[PDB]
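Structure first, then comments.
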Amino acid sequence: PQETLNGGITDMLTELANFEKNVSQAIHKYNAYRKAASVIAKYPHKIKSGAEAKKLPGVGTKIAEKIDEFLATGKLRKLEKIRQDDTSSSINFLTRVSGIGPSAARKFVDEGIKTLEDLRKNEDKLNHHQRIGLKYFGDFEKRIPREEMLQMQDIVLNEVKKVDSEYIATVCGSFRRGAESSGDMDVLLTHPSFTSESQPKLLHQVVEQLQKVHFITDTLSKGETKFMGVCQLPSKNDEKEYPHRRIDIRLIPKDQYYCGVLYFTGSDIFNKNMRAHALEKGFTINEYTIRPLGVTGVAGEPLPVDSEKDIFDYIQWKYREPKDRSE
DNA sequence: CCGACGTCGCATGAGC
DNA sequence: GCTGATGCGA
DNA sequence: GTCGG
Ligand code: NA
Ligand code: NA
């Protein structure tokens, strides 16, 4: 619903969330504030009091108090104070650079490094990932229009097939669900020659070809099963250059591919709902396999999966389009 | 009261 | 130089 | 910070 409903509250909780991750380094508190921010962001009424919000799952006593304070005063004293905190706001800011987490950011600010320009003056203290993150700080914070994602998909699917026409490639994430914009490109890759009960170069040569035609421009990380890096659409001649994007490519065993596609398609809320059905039906679904319990709860061997629908079939639920997997 | 809160590949440091 | 923990991102 | 065993 309209941000004007409870935007101040959700923004406040989101701010508090970020400080718990990046500054307090308390990851579970961060997820709590986000869970509260989300359940409120889906609430179709302008909240009148903290008690009204406390009814919602994810909102407890402390946030109810904070909502009371915000509603009455228009702000939150603890948030206002940490905003002005030069050390804390600087630590929180540096973590926006990909590769710089809470630990690196605190180390930087300790030794007087607070800003992007500070990072620029100090390259030899940055690792390879962080340098890329610094290099593309702005572009990485931009979202990717679906039209560009399609143009990116065209290039990925084409070069992948050109390497070996037996490769199977699927762009997952919210893009596969039909989102009008994406944050990055998540590619899932497989080959009939690759199963669980069974080359080290299946991933390399796909990455290699995408570098060869200058789609992939940088590499954050690269192993035998997982690639994380940077890509860029070809500049339409004299038209303004496209922003560099984040792209992940992972090689999954064929017998685990469709459990992988299902999981990385999402949504998170949908996955939660989905593998909670499965439990009530005697099956355990994770990222890799679907397995059966189990009179006492001993999970048996992974069931054969040749498609997404195959998984739906096991747990007696009808196949639902990626379009309709918001929850 | 008090533990769970996802899990893991890769890069990198520490430990030895 | 080998083993394993840590930081990071997803 | 919240939930739940
Ligand atoms: Na609640
Ligand atoms: Na970061």
Side-chain angles (χ1 to χ4, degrees), chain A residues 9 12-40 50 53-67 76 78-79 91 94-108 124-134 136 140-141 171-175 182-189 200 203-204 207 218-230 245-253 256 259-260 263-269 271-272 274-276 279 284-289:
Chain A
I9 296 171
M12 176 178 71
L13 294 175
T14 295
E15 273 195 77
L16 289 178
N18 292 335
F19 276 104
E20 295 292 347
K21 177 183 304 245
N22 308 321
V23 177
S24 288
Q25 349 212 223
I27 186 65
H28 302 300
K29 282 202 190 178
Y30 155 85
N31 284 314
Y33 274 113
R34 254 168 83 238
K35 182 187 181 207
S38 278
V39 64
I40 289 181
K54 188 168 190 306
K55 295 173 145 172
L56 314 180
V59 178
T61 294
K62 307 286 277 300
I63 289 183
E65 293 189 41
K66 288 179 178 82
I67 286 181
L76 229 70
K78 281 178 180 175
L79 190 45
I91 294 174
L94 286 189
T95 61
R96 281 161 59 180
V97 181
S98 177
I100 300 182
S103 183
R106 185 180 296 276
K107 271 197 52 174
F108 286 142
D124 50 327
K125 307 201 164 197
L126 273 49
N127 63 32
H128 179 67
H129 187 150
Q130 291 160 346
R131 287 166 189 182
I132 305 305
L134 175 60
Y136 305 114
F140 284 175
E141 287 193 343
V171 179
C172 303
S174 76
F175 168 81
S182 298
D184 57 351
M185 173 154 280
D186 193 21
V187 183
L188 266 56
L189 196 73
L203 185 62
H204 163 75
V207 176
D218 295 276
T219 306
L220 300 180
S221 69
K222 176 176 173 294
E224 280 164 37
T225 51
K226 185 150 142 288
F227 168 86
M228 302 173 68
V230 186
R245 311 296 192 178
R246 285 278 297 105
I247 179 172
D248 297 334
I249 313 171
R250 54 204 76 177
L251 189 72
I252 310 181
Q256 292 182 9
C259 277
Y263 174 78
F264 290 113
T265 298
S267 65
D268 293 333
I269 306 174
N271 287 350
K272 203 278 189 180
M274 180 169 175
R275 54 193 41 165
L279 267 188
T284 171
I285 303 175
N286 62 6
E287 292 79 2
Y288 301 112
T289 59

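Computed over heavy atoms, backbone and side chain alike; hydrogens, waters and symmetry mates excluded. Quick note on labels: first sequence line is chain A, next is B, and so on, each numbered from 1.
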Open item on the list: In this structure, how many angstroms lie between the P atom of D:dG1 and the CZ atom of A:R34, rounded?
Closed with: 17 Å
Open item on the list: I'd like the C1' distance from B:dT12 over to C:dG1, given in whole Å.
Closed with: 16 Å
- [ ] Could you check whether A:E287 gets within reach of a base, just the sugar-phosphate, or nothing at all, counting any heavy atom under 4.0 Å?
- [x] base
Task: Base-contact (B) and sugar-phosphate-only (S) positions in nucleotides 5-10 of chain C, heavy-atom cut-off under 4.0 Å, - elsewhere - done: --SSSS
Open item on the list: Just the rounded figure in Å: distance from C1' of B:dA4 to NZ of A:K35.
Closed with: 12 Å
Open item on the list: Nearest whole Å is fine: how far is B:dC5 P from A:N31 CG?
Closed with: 12 Å
Open item on the list: Going by side-chain contact (heavy atoms from CB on, under 4.5 Å), A:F227 matches just one of A:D248, A:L189, A:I249. Which one?
Closed with: A:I249
Open item on the list: For a quick check of understanding: with a heavy-atom distance under 4.0 Å over all strands, which category does A:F140 fall into, base, sugar-phosphate or nothing?
Closed with: nothing
Task: Residue pair A:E287, A:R275: steps toward the side chain to side chain contact (heavy atoms under 4.5 Å, CB included) verdict - done: CA-CA 10 Å; A:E287 292 79 2; A:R275 54 193 41 165; 3.9 Å; yes
Open item on the list: Just the rounded figure in Å: distance from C1' of D:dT2 to CD1 of A:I27.
Closed with: 15 Å
TODO: Any strand is fair game: report the nucleotide pairing with C:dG4 by Watson-Crick or G-U wobble, both distances under 3.5 Å, or none.
DONE: none
TODO: For A:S221 and A:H129, test the side chains for any donor-to-acceptor distance below 3.5 angstrom and give the result as yes or no.
DONE: no
TODO: Calculate the interatomic distance between A:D268 atom CG and B:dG6 atom P; express it in whole Å.
DONE: 10 Å
Task: Partner nucleotide of B:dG13 by Watson-Crick or wobble geometry (both distances under 3.5 Å) - done: none
- [ ] Using whole Å, report how far NZ of A:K107 lies from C1' of B:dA14.
- [x] 13 Å
Open item on the list: We want to know whether A:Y33 and A:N18 form a side-chain donor-acceptor pair, criterion being a heavy-atom distance below 3.5 angstrom.
Closed with: no
- [ ] Can you tell me, in whole Å, how much space there is between the P of C:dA10 and that of B:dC5?
- [x] 22 Å
Open item on the list: How many whole angstroms separate atom OH of A:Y288 from atom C1' of B:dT7?
Closed with: 7 Å
- [ ] Using atom types as modelled and distance alone, determine if a side-chain donor or acceptor of A:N271 lies under 3.5 Å from a backbone N or O of A:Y263.
- [x] yes
- [ ] Would you please confirm or rule out a distance under 4.0 Å between OP1 or OP2 of D:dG1 and any side-chain N or O of A:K66?
- [x] yes
Open item on the list: Could you tell me how far B:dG6 sits from D:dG4 if I compare only their P atoms? Round to whole Å.
Closed with: 15 Å
Open item on the list: Can a donor-acceptor pair be found, under 3.5 Å and without considering hydrogens, that links the side chain of A:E20 to the backbone of A:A17?
Closed with: no
Task: Side chain A:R250, main chain A:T225, donor-acceptor under 3.5 Å - done: no
- [ ] Compare the minimum distances between each of D:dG1, B:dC8, B:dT12 and the side chain of A:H28, then state the nucleotide with the smallest one.
- [x] D:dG1
Open item on the list: Less than 4.5 Å apart, side chain to side chain, heavy atoms only: is that true for A:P57 and A:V39?
Closed with: yes
Task: Rounded distance in Å - CD1 (A:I67) to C1' (D:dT2) - done: 13 Å
- [ ] Would you indicate what A:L16 reaches in the nucleic acid, counting non-hydrogen atoms under 4.0 angstrom: base, sugar-phosphate, or nothing?
- [x] nothing
- [ ] State the syn/anti category of B:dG13 according to its glycosidic angle, syn meaning within 90° of 0.
- [x] syn
Open item on the list: Only pairs with both distances under 3.5 Å count, Watson-Crick or wobble alike; so what is the partner of B:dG6 in this structure?
Closed with: none
